[PDB]
Amino acid sequence: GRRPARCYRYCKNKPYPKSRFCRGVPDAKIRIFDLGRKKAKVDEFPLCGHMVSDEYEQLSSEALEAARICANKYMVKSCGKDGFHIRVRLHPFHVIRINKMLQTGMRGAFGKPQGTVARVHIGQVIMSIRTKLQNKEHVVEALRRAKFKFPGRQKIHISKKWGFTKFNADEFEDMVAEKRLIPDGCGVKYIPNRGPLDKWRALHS
Amino acid sequence: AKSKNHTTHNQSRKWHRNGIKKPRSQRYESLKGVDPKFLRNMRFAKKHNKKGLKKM
Amino acid sequence: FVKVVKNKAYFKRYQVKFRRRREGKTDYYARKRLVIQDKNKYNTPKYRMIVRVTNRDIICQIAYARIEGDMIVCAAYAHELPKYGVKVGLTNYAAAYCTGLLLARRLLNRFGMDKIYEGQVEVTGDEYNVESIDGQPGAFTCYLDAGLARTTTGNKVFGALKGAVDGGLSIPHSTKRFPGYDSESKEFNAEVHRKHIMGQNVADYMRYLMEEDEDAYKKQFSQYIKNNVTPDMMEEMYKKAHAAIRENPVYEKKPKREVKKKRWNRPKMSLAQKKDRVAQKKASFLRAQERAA
Amino acid sequence: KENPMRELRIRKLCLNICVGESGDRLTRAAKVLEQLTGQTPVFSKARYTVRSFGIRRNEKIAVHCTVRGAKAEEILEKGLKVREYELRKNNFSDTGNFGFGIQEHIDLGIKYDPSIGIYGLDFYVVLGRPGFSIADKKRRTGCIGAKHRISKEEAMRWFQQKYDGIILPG
Amino acid sequence: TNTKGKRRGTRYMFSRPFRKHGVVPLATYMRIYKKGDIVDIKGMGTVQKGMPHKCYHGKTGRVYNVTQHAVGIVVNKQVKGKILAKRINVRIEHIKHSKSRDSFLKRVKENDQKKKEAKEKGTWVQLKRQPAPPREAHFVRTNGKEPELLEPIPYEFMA
RNA sequence: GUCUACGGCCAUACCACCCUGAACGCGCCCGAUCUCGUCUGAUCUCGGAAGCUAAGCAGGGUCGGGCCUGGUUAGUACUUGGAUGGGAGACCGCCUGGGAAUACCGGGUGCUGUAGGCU
RNA sequence: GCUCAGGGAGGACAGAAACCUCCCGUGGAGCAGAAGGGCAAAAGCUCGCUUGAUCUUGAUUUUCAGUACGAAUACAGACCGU
């Protein structure tokens, strides 16, 4: 087993990452960050949900895996096999230490690494599920369930962005039709009026 | 028995009680630490001032 | 495929070298030592003699360094010697000698030390260098700026050093890099220097071709026969030119002609023209596309 | 009508015999280059110790000689008389150069001093143009410019024209 | 306790800036330091001979001695209680002319020209520096327009 | 208008490719007797002047890359000082002063010193 | 006097790796050692010549009491090297 999160909850220390200075770190419980039908086009999943943080706190690697599996298997039960794509948007890069007793005292109590923890800011996104506009009241439930495997306060926000892109939902398909945006797998490539002109003629071929 | 290792707590307060006095700056600073070729020549120039006294 | 070494990050991180070093002209490792002054001298100008041998010319200057850019007091080119006698052979050791001599005579005339510090009048090639006289102004001391040219024995820059030395300039040097220095014997033959100074290594090669093949002579010495300057004219043509340079080194300038102010280059294109070009290009692409399909 | 300052000369013919062994064995290896060229060769020390072949650090394993001018075309002529004016197209380098390695050294017209034995050598031809020399000055150096460089399909169509040589693939 | 030593905590201090590495410009060596001119100290990594101690990097003193390669500075260094004006020998690559005195000497020369001119006429020139005074009365013209009203924007949860 | 020699600041000057270069220059170029140095006159040193702008170099071009320089990001992030402010806390809001940094959008693309030519 | 690490491509046996040749190469190498800084016609590599790693007063910096040691920086007087 291990300790409670209560012990390692607040952002107390400077970010002490896995380096050539800190070696002897165990592997994180969250390894698979993005799952569902990840190999999906931008157009076919227009809606995007986010679960946004509210406290300045450390979230466990184990809590991120638990929240991912919970959200996953609700969205699998809700919309099925190929009707969503989850990303976990916090990579646990903070080593937490533990001064292990087992007869010493406090003669030089600098800890050995226990595990990895994902340090968060206020308004920073934890997870995000992109799907159809049909599955609007499935995403919110999925992320509302995911909240329970976390400490502190978590808000939910159905975003103005077209899926996992950097552009608003009511500019996107007009900007594709005027060839300012290029479908690029799960994302979109914004190509402005700045390169050579062979770029422009090959675009309008 | 252990003890407190180091501080500089009451020291700012201590320094300012009698005030921080700047170095006693004057006209005519000493020629100690000046280039001793330049300095020996300057001394010959001083020594040989009265030779051209009649024109002065 | 393999990684592109001129990345966009390469260009970001990339720092250009000093312009002269990029172009390939100035050694800044040399300049720092040659140019700057002992800080307990204060605006005492540090004089250096610049000898540069091009494909068809020999450029000899005297400079002192400033923060704006080193100010050239005096200049003597190799294409000024045609005034004084020497028409052909302007990038050889006797040309270098007359140029270095002429630069010394021109300087000493400008600063009024032409009659004081005559110099070595009868040219021999010996270890000469100038003594300053009691009461008179001191001799002009300057240091040779060799440049990038590999300074091995009988380099043409040392001919120019020798001419200026005999002219009255007080250059510090040794006679290890003058011709006639035997590398193995490690002694100095002043006569082999004098042959080089008076240009008989030219005259001996002219004889060598004129007795071996007169058609190989026609190819090599082509412009000597345009003037008819011959192996026994050779010494008289230089020892006359030395006397002519010493008699009158004062430089009469080439006077300015009225300009038409006609331009030869293409001027820098405007923003409006650059934007209209792209408008015309994009227009004519979709002009061609609708007529094609 | 072509510019006479765009001609294509041989800058050097680089010969090397890497025998991979040291001593009196290598002393005899120098004579076959010196007889072939007419100028003395120069030795090359093994770069670092690798034991699998049987070399070690700074021990002399190779002898080489680079020939300029009139004699570079003379030694190349007997190299292609052995090869019967046929090079594989993959012999032609991307930077304009080409080369080959003939099997037996006597074929070039050197008689077999007994025990001087059998050496093989590496012909490498560095193709040039007037003004390729400005990359190695102490004065204002510079890149030779894109129009002036020699391509692979320039180097082979030179070989096709000069020696009437048949450029077989593979 | 810290490790003592001369270059301890001079990692970014004595570094050369980004794309300012390599060859040292020669004007640096061609600037002329007199005995008295006020000079600000800034150590350089490129030149390892004749550096100032990190105590002095960024301090301004005056020149009391000029030798062939270096100048003598008199810098006010603070210890615990007292200030010591103390005499260091620092190479002229680690040295610059302070522009604090090039704003005063322009004042004196202009201040004195304003007393060469306008001493005989009776026209009295105010020489001393005033701090920025309280602003003068004026008429802010509404050239036809009525000022635009700004009302605070309602809240929208962004990211 | 523009080069040469020596430079100052050291990318508004650098890199990729294309076009044009009158006149002197700068060059490529031609050779190896003397100077000098190499395995090799390729480099270096030397003695040349039949050719040639092909290259170096110069000027210009490119919805170029970089570099420089504005705008935006944003009065945002942070921060000096203040409160018997909010909150279980984690952290927030206000008052009093200071105030950035990417993506993203424009504009620019060497200035000049001394000395000497060409037009 | 050269230019490094690494890469592309060619060349008898020869290959992933011996040796030669060209092109790109802002330091991605090296500088005895820990680490940081610094350096490209050099501070690196290779050659040639050497002994300034020598004799001798004072000043100054660093720790600091503004003391010693250690180590260092600018000078001056000699004798020398290149």
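Residues numbered from 1 in each chain as written, not as in the entry; some residues may be left out. Chains lettered and ligands numbered in written order. Part of a larger assembly, values for the part shown. Heavy atoms only, no water.

- Chain D has the name uL11 in the PDB entry, where Oryctolagus cuniculus is given as its organism.
- The deposited entry bears the title "Structure of a mammalian 80S ribosome in complex with a single translocated Israeli Acute Paralysis Virus IRES and eRF1".
- The UniProt entry for chain D carries this comment under Sequence similarities: "Belongs to the universal ribosomal protein uL5 family." (UniProt positions renumbered as here; feature names shortened; annotations may be inferred.)

- The name given to chain A in the PDB entry is uL16, and the organism recorded there is Oryctolagus cuniculus.
- Heading Function (literature references left out) of the UniProt record for chain A holds this comment: "Component of the large ribosomal subunit. Plays a role in the formation of actively translating ribosomes (By similarity). May play a role in the embryonic brain development (By similarity)."
- Under the Sequence similarities heading, UniProt states for chain A: "Belongs to the universal ribosomal protein uL16 family."

## Overview of the overall build of chain A
- Regarding its fold elements, chain A presents four helices and 10 strands.
- Starting at the N terminus, the α and β elements of chain A follow one another as β-β-β-α-β-β-β-β-α-β-α-β-β-α.
- A compact globule built from 205 residues should have a C-alpha radius of gyration of about 17 Å, whereas chain A, at 21 Å, is more than 25% larger.
- Within chain A, buried positions represent 39% of all 205 residues.
- Total accessible area computed for chain A in this model is approximately 12,900 Å², and 51% of it derives from carbon and sulfur atoms.
- One way to put it: in chain A the 44 positive side-chain charges average out to a point 11 Å from where the 19 negative ones average out. (Helix = DSSP H or I, 4+ residues; strand = E, 2+ residues; numbered from the N terminus. Rg over C-alpha atoms; globule rule 2.2 N^0.38 Å. Buried < 20%, exposed > 50% of the residue type's maximum accessible area, 1.4 Å probe, protein only. Areas by Shrake-Rupley, 256 points an atom, 1.4 Å probe, with all protein chains shown as cover. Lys, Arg positive; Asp, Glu negative; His and termini not counted. Charge placed at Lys NZ, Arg CZ, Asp CG, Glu CD.)

## Here we look at the protein's contact with RNA strand F
- Surveying the vicinity of RNA strand F reveals 118 residues, the closest of which are A:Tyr190, A:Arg194, C:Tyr14, C:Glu68 and C:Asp70.
- When atoms of RNA strand F within 4 Å of the protein are split into backbone and base, the sugar-phosphate part holds 71%.
- At 3.3 Å, a backbone N or O of C:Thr91 approaches a phosphate oxygen of RNA strand F.
- Between a sugar or linking oxygen of RNA strand F and a side-chain N or O atom of D:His148, the distance comes to 2.7 Å.
- In the surface near RNA strand F, the residues fall into 46 nonpolar, 29 polar and 43 charged. (Near = heavy atom within 4 Å. Polar contact = N/O pair within 3.5 Å; in protein donor to acceptor, adjacent residues only side chain to side chain. Nonpolar A, V, L, I, M, F, W, Y, C, P; charged D, E, K, R; others polar.)

## Re a positive patch on the surface
- On the surface, a cluster of positive charge is made up of A:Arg194, A:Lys199, C:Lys8 and C:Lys12.
- Take A:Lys199: it is sitting in helix α4 (residues 198-203).
- Among the residues examined, A:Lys199 registers a relative accessible area of 44% and is labelled partly exposed. (Patch = residues over 30% accessible without salt bridge, like charges linked within 9 Å, V, L, I, M, F, W, Y side chains within 5 Å. Salt bridge = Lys/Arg side-chain N within 4 Å of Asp/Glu carboxyl O.)

## Regarding the pattern of salt bridges
- Following the criterion strictly, the structure yields 31 salt bridges over all chains and no others.
- Measuring nitrogen to oxygen at the nearest pair gives 2.9 Å for the salt bridge that ties A:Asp54 to A:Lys155.
- Classification of A:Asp54 as partly exposed rests on a relative accessible area of 27%.
- Residue A:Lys155 is classed as partly exposed on the basis of its relative accessible area, which comes to 33%.
- Three or more residues joined by partner-sharing salt bridges are found here, namely C:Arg31, C:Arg48, C:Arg52, C:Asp70 and C:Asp145.

## Observations concerning the interface of chain E and chain C
- Facing the 20 residues of chain E at the interface are 19 residues of chain C.
- The junction of chain E with chain C conceals about 1,800 Å² of combined surface from both sides, 68% of it contributed by carbon and sulfur atoms.
- A per-class count over the side of chain E that touches chain C returns 12 nonpolar, four polar and four charged. (Contact = heavy atoms within 4.5 Å. Buried area = accessible area lost by both parts, 1.4 Å probe.)

## Section: unusual backbone geometry
- Its identity as a non-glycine residue notwithstanding, A:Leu102 has a phi of 60°, on the positive side.
- You will see that B:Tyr28, though not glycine, has its phi angle at about 65°, which is positive.
- Along the chain, the position of B:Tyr28 falls in the loop between α1 (11-17) and α2 (36-47).

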